[PDB]
Amino acid sequence: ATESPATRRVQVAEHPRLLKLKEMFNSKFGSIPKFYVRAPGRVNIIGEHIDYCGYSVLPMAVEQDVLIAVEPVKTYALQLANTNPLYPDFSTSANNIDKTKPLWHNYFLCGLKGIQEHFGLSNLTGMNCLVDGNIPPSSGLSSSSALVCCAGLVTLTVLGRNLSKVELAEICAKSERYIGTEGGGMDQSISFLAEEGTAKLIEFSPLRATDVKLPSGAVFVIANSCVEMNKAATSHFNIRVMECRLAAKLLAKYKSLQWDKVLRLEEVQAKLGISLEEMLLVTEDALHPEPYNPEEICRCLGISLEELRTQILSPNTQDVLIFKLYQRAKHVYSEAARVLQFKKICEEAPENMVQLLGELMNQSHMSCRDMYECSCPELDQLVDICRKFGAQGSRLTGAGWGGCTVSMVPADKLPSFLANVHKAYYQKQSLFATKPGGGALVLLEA
Ligand SMILES: Nc1ncnc2c1ncn2[C@@H]1O[C@H](COP(=O)(O)OP(=O)(O)O)[C@@H](O)[C@H]1O
Ligand SMILES: CC(=O)N[C@H]1[C@@H](OP(=O)(O)O)O[C@H](CO)[C@H](O)[C@@H]1O
Ligand SMILES: [Cl-]
Ligand SMILES: [Mg+2]
Ligand code: NA
């Protein structure tokens with residue numbers, strides 16, 4: 001709708017975290033914070049690597065979040081600090097993102113920048129901020145987005161301007177891209193739009209969030225592989241985006257569309273008016289399974305190597321020489337269908353629901369592992385263990401190449417799953433049960 005992030009009264013005393021934030025802020029800046037902002041991380045139940053392709057996804061917010069204590073100031077200076085020494089203090093007074101190197105404060109700046117630009121503001125929003133995030137970083141739980149989103153909300157609030165949760169999501173999804181990742185809007189959308197007690201089907205263009213009621217007899221558990229993967233510091237992520245972009249263009253061309261304008265896999269389907277099942281057949285016909293090379297792509301599209309490199313590919317991807325068009329498209333179209341089916345099942349709630357939902361997750365994991373090639377040994381091993389121990393469904397979550405897994409565990413298997421999994425892979429940080437949490441909020445002291 002037009003609804004904005006809520007502002008809630010809390011008793012600092014009851015929240016070890018805010019108390020701590022409060023006290024450290026005062027010691028750090030000499031004054032108590034005027035307000036706080038929280039933006040949660042999230043677990044994607046199913047629908048991996050498709051948001052940027054324009055397809056609907058099914059995440060839910062987790063409890064872990066990024067919490068920021070704030071104090072507006074008159075100077076046009078931004079002073080940032082973190083409760084974790086791993087993240088150095090930083091200050092700026094700049095009127096106008098390096099993306100030469102991913103320093104933590106640049107994620108905060110992406111968020112601030114999106115907001116200031118949205119309002120055509122040139123000057124820096126003056127403030128003192130102390131950051132505390134408890135989402136395991138670079139683990140597929142969107143710690144980067146929680147930070148960007150929290151920073152955007154902070155900025156908005158300091159500016160005293162208004163934005164709906166939807167616009168916040170839209171703006172943050174584009175601003176995070178200044179860090180250099182060419183991802184989608186799932187993470188930012190769920191961070192602002194989540195509601196406690198329900199997952200959301202997040203659809204794009206236009207952005208809409210729809211409640212999805214999860215199975216009553218099973219519990220979702222996150223288990224971190226503990227292999228860290230920093231999306232902004234590596235090229236893996238963007239290569240996949242490009243492969244999809246290129247696949248979309250070739251598909252369009254093969255179907256005689258105006259491919260030059262095409263950027264996403266979903267557009268092709270949309271333009272053709274066919275079903276996802278049908279898009280798989282088109283894919284099968286239009287894209288050869290063996291990889292594509294730059295020169296071949298260039299000949300197919302009727303463009304130049306230079307056009308490709310500078311006009312289509314991203315800087316961090318201009319020297320890619322192997323494009324797995326077929327596999328990426330196949331993963332995408334099949335995965336977008338799985339999300340739709342998962343939602344349908346949750347709504348109809350058949351008897352064998354957990355089982356069916358579980359199968360969809362397992363199918364998702366194998367497509368990610370085999371077709372999108374975004375899993376890793378540790379993830380595969382953990383997923384096996386989860387299943388061994390009771391998970392009806394288990395798969396990697398978030399971008400992959402390390403990070404977390406998400407398992408759907410029957411209630412009765414819960415206690416044993418946890419102990420067994422722990423014992424098996426880890427010999428509440430890396431392994432913990434979760435449930436659908438609420439979205440980003442503004443906090444004022446009770
Ligand atoms: N609590 C935190 N404090 C400061 N920066 C953080 C925090 N959590 C995440 N970040 C930033 O986000 C980066 C991780 O982003 P990313 O690789 O996209 O992981 P994720 O899968 O969690 O979104 C970190 O390297 C750090 O720069
Ligand atoms: C800000 C960003 O790019 N996040 C993207 C990234 O998630 P994570 O950084 O693992 O949370 O990968 C997932 C894979 O489904 C989506 O593509 C999403 O849009
Ligand atoms: Cl850093
Ligand atoms: Mg991220
Ligand atoms: Na749409």
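Because only heavy atoms are used, hydrogens play no part in the values below, and waters and symmetry mates are left out as well, while side chains stay in. We're numbering straight along the sequence, starting at 1.
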(request) For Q355, look at atom CD and say whether over 12 heavy atoms of other residues, nucleotides or ligands are found less than 6.0 Å away. (result) no
(request) Return the orientation label for the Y372 and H49 ring planes: parallel under 30°, perpendicular over 60°, tilted otherwise. (result) tilted
(request) May I ask you to check whether over 12 heavy atoms, not counting those of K271, lie within 6.0 Å of atom NZ? (result) yes
(message) Heavy-atom count check: over 12 atoms from other residues, nucleotides or ligands less than 6.0 Å from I322 CD1?
(response) no
(message) Between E243 and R240, does any NZ, NE, NH1 or NH2 come within less than 4.0 Å of an OD or OE carboxylate oxygen?
(response) yes
(request) May I ask you to decide whether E267 forms a salt bridge with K261, counting only side-chain N to carboxylate O separations under 4.0 Å? (result) no
(message) Check whether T283 reaches the backbone of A329 with its side chain - one donor and one acceptor, N or O, closer than 3.5 Å.
(response) no
(request) Taking only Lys NZ, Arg NE, NH1 and NH2, and the carboxylate oxygens of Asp or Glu, determine whether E373 and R328 approach each other closer than 4.0 Å. (result) yes
(request) Please list all pairs passing the salt bridge (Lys or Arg N to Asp or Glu O under 4.0 Å) test where one or both residues lie in residues 132-145, with sequence neighbours left out. (result) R17-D132
(request) Establish, for the pair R161 and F119, whether the NZ or CZ atom is under 6.0 angstrom from the six-membered ring centre and no further than 45 degrees off its axis. (result) yes
(message) Whether the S139 and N224 side chains hold a donor-acceptor pair (N or O, under 3.5 Å, no angle test) is what I'd like checked.
(response) yes
(request) Using a strict cut-off of less than 4.0 Å between a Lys/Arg side-chain nitrogen and an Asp/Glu carboxylate oxygen, indicate whether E306 and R309 qualify as a salt bridge. (result) no
(message) Less than 3.5 Å apart, any donor N or O on the side chain of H365 or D380 sitting next to an acceptor on the other?
(response) yes
(request) Evaluate the ring planes of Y333 and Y55, with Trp represented by its six-membered ring, and classify them as parallel (under 30°), tilted (30 to 60°) or perpendicular (over 60°). (result) perpendicular
(message) According to salt bridge (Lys or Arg N to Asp or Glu O under 4.0 Å), does anything in residues 340-358 pair up with another residue at least two apart or in another chain? List the pairs.
(response) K343-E347, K344-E348
(message) Tell me whether the rings of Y292 and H288 are parallel (<30°), tilted (30 to 60°) or perpendicular (>60°).
(response) parallel
(message) Could you check whether atom CD of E290 has more than 12 heavy atoms from other residues, nucleotides or ligands sitting under 6.0 Å from it?
(response) yes
(request) Evaluate whether atom NZ of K174 has more than 12 neighbouring non-hydrogen atoms of other residues, nucleotides or ligands under 6.0 angstrom away. (result) no
(message) For the residue pair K435 and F220, would you count it as a cation-pi contact if the rule is NZ or CZ under 6.0 angstrom from the ring centre and within 45 degrees of the ring axis?
(response) no
